[PDB]
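FYI, side chains are in, hydrogens and waters are out, and symmetry mates aren't considered; it's all heavy atoms of this structure. Residue numbers start from 1 in every chain, and the chains themselves are labelled A, B, ... in the order their sequence lines are given, proteins ahead of strands.
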Amino acid sequence: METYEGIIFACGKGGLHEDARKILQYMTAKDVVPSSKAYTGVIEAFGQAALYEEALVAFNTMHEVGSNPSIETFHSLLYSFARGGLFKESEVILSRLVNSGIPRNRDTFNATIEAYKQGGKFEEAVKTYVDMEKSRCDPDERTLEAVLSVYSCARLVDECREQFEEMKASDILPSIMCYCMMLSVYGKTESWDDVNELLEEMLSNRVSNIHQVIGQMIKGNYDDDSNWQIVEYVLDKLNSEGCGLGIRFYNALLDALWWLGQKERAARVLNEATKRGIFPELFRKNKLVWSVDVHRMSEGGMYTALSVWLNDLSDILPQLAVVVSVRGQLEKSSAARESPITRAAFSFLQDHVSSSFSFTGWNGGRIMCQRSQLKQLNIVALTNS
Amino acid sequence: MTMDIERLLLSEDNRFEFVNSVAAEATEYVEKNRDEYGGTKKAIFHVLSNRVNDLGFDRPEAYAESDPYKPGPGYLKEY
Amino acid sequence: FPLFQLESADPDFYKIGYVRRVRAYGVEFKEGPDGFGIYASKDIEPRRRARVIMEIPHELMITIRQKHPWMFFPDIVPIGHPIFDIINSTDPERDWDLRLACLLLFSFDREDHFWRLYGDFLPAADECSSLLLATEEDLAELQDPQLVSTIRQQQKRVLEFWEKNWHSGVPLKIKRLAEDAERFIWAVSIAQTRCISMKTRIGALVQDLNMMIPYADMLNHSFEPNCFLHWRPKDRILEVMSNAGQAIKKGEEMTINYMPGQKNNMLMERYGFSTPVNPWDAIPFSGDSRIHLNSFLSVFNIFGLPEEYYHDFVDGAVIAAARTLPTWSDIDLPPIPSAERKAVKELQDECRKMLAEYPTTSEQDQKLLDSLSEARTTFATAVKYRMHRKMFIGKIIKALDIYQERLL
Amino acid sequence: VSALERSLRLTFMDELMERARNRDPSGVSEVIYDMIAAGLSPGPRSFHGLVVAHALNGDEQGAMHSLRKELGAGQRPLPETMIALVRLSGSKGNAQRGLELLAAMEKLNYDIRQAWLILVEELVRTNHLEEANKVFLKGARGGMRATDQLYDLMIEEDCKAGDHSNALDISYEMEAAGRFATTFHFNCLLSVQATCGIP
Ligand SMILES: Nc1ncnc2c1ncn2[C@@H]1O[C@H](CSCC[C@H](N)C(=O)O)[C@@H](O)[C@H]1O
């Protein structure tokens, strides 16, 4: 029990779903009933790879073997759903947590804000933060980062200033993720004065090494063959808290680069993430489907993903080219086609390949291009400002 | 019930297995609902009335009938 | 408050049986243009066991042993009567209908016999649907050379028997039974269309009998019957029993299975009728193209073993389609959808090739039947037969189209 | 359903069923994720191909996992899909799982008689006669009537193994169903009775 749970935790931490599945099969093949904690590690790994179907099967199997889910199990699902913006499934857990006798802790509130944010529900995201303070609790550093992303996403420059300065008002030294979100909201409004003001703060950074290297590489100082090894050195050091922290770091970084005009640099940063296992669902290239999955990405990251995907399309035929913007129960509804990600991807595709990618009549969160229309198709310019 | 018993025995090849089957079905009634039998409703009478109703005919349950002209409690009809 | 809120048969039809211990429970005899029938006079609620619908005493029947020697139960032929010699001269296998016809005509001549009265409710020569009464023009409407030749042999066999045994030198007690060939042909037609064959025990003797049973020969045929026949040896009563646990609504027709496992051409040869929902009808396919038997059965919810197919659009024709279509099966190998579409397309072409063999179509035959005004009973029966076969082939084309699409 | 959706489902189900028949459960999983990427919802016949692919490669755990995926997706498994799992369980001698699946088919309101017949024959074929008798008697005592071929199979195999107690129980149930014993069945019982030392 101790060895099985130890290995599965590592698989769930690093998002190695294939290894986690084999440990579960090995335990069953030896007539061993895995513990409730062991299944939670398997559920964690599937959520790291956006394999929601296999994650909910393991959750279903927990009750079958009598290993009822613990509080940590309902957190593995919430963080898995939060990254994809599946607030419909997040509310199912929340409506289940109140019935299961589990009070809402702080971690539950953070996932709720993150799920609503990624799902485009900006009004409901701040309401959770509004209702969180009424219930007392104690917002942590990620909660401040959770609500800062909401304001940064909906282009609130003055709200983002107040949120960001208060982070350092308590001598917290906000992480590199919050700095990259400041660059996005300043880069979205073309506020080039504030961008240079924040960059000089990240250039000195005598205390934190990651801010210095990442801040330097954004400006383009580290774009040399030998000078890209230092940037890679930081990425390998950050590639030790698992895929959970990595996806948050790359989403903010690509968002900052795209809004600052460093669109060619964002292409190489995304290429650095994929080889490290980040965004394993991003691309599929077989004879049937050529797909790009952007439901767990930021707006800047999605644009970078589409730009590379479109350029690679023109190089080469599959039966279909699809863009997965909504991946959940919201697909079977009209709300998915009104999602901010779905509209942004379609708007991005409209003025890059003319009217070649149209919606689907059978799914709200898909943007397809038939094989016949693929014949009638760089397509996107990737340059640094 | 005498005519009903003869009616049921016309559909039976052997009257001894009919007796055993009725007793077997009556035993099942008592195990299922113990307190409802032994007084006005007898299990064997219930079996016979059920088997007549299974043929599609109508009989009162367990052939139980009561005197409607009894002058209140405590009075026994005298033969 | 209560203040503010198919014709019935002749009343004497049931009465003549009723005064002779015939009992009917919850059913009524109703008469229509197509003939007599038995219908539930009320809602017959389900029970744990089969319900008694009708009871027919043995003494009102005309029965003869299926197997030699020929004994009659009840014994009505006097010793030395010349009718036994006529019965005894028959072929034991093929001439069961001739033996019953001789008994039937003999029974009509007896003053005390019940069938002297019951014979007046039998269909006449122009009302019986038996193909023995069909003219050569009626057989021309069958569009089935095999069935036509079978009927012609039946008519030839029946006629030659009358000519041999009812010649000029026979006694008057024989002449008055069948004064003309048509009278004897009608008797054989009644024998074929109404005979019920059962294994019965009478006293200590168990034997197979060919039986003419009054009031039970009014039950129509169905391949999904709600009733069955049951011989009660102890009091010598034939019971008509509704299926145990099956609810029967008021007005629903009470039916039995005349001929389990038999095709429409067999129903036409024996009873002079056919059904479009016969689950045993077959269609000759080449076998070049085959569909997946397991998929076809599951698409239409047909369960059970092949010899006991049942449905949980789907009717007896789809069940017949499952048994007659060319099928393949490889335990649990799944079918490729694109290869199954080629088979379905090729099977539908062969189905249309056979519909094109008929000069008319199914709906043209249906409107022809509605336009009739002076048509013999057998003529309409012949048209219904070919129309039912067209409806069966058309049902297969529809079933294949549904199956081809539900395989996605 | 539009014409474009039908065209894609045909080519997706063509590829999926060409890998289930190829005994490639991994490939059948890739196509299902291709369907999800295209937005097509995998129906009962798409998960049937996943169950069959695992079942054909003697994989009871993967096939059971595929069934959980189908149930977890809200789809209703086909009667043929359950029969593939029941037959697979019998081939491995897993009578408990075979009986659990039969209970599921009854819950799904299917007809378990044919699947019960298949389960018993697999256990007999795979030399699990002791397990086969347990499954057969439970069905027979439950009211199901077996085939005459399976009745003659169960009686004969039990008597060849010296198991008169099971062979006599089955023959009693065979007549209760309505199939009378013949000289063949009696000769099977006599083959064991003649060696008991009590004439
Ligand atoms: N299902 C059915 N469809 C059409 N005709 C049927 C039928 N079942 C029985 N018949 C007809 O009924 C005859 C059997 S005797 C049944 C009673 C008959 N209708 C009568 O009035 O005397 C057959 O000759 C056949 O023509």
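Within the model, atoms OG of C/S295 and NE2 of D/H48 stand 7.0 Å from one another, a figure rounded to the nearest 0.5 Å. Here the CD atom belonging to C/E308 is positioned 7.5 Å from the CZ atom belonging to D/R145, to the nearest 0.5 angstrom. To the nearest 0.5 Å, atom CD of residue D/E15 and atom OG of residue C/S338 are 10.5 Å apart.
Ranked by non-hydrogen atom pairs under 4.5 Å with chain C, the options D/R6, D/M13, D/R9 are led by D/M13. The most heavy-atom pairs under 4.5 Å with chain D, out of C/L305, C/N294, C/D312, come from C/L305.
Between D/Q114 and C/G304, the shortest heavy-atom contact is OE1-O, 3.4 Å. Between D/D14 and C/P337 the shortest heavy-atom distance is OD1-CD, 3.6 Å. Here the shortest heavy-atom pairing between C/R341 and D/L10 reads CD-CD1, 4.1 Å. Closest non-hydrogen pair, C/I336 versus D/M17, comes out as CA-CB, 4.5 Å.
Counting heavy atoms of neighbouring residues, nucleotides and ligands inside a 6.0 Å radius, atom NE2 of C/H221 exceeds 12 of them. Around the CE atom of C/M259, the shell of radius 6.0 Å holds more than 12 heavy atoms that belong to other residues, nucleotides or ligands. Counting heavy atoms of neighbouring residues, nucleotides and ligands inside a 6.0 Å radius, atom NZ of C/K234 exceeds 12 of them. More than 12 heavy-atom neighbours from other residues, nucleotides or ligands sit within 6.0 angstrom of CD on C/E307. Within 6.0 Å of CD in D/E106 there are 12 or fewer heavy atoms belonging to other residues, nucleotides or ligands. For C/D43, the CG atom sits in a packed shell: over 12 heavy atoms of surrounding residues, nucleotides or ligands are nearer than 6.0 Å.
Against chain C, the residues from residues 79-87 of chain D that qualify, each with a non-hydrogen atom under 4.5 angstrom away, are D/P79, D/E80, D/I83, D/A84, D/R87 in number order. Within residues 316-331 of chain C, the residues that have a heavy atom under 4.5 Å from a heavy atom of chain D are C/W328, C/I331, listed by number. Close approach to chain D, defined as a heavy atom under 4.5 Å from one of its heavy atoms, is seen in C/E405, C/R406, C/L407, C/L408 of residues 400-408 of chain C, taken by number. Near-neighbour residues of residues 156-193 of chain D relative to chain C, defined by a heavy atom under 4.5 Å from a heavy atom of that chain, are none.
Proximity to chain C is absent for every atom of D/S46, based on heavy atoms less than 4.5 angstrom apart.
A donor atom on one side chain and an acceptor atom on the other are found under 3.5 Å apart for D/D111 and C/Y310.
Remark: the backbone N or O of C/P334 is paired with a side-chain donor or acceptor of D/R21 at under 3.5 angstrom.
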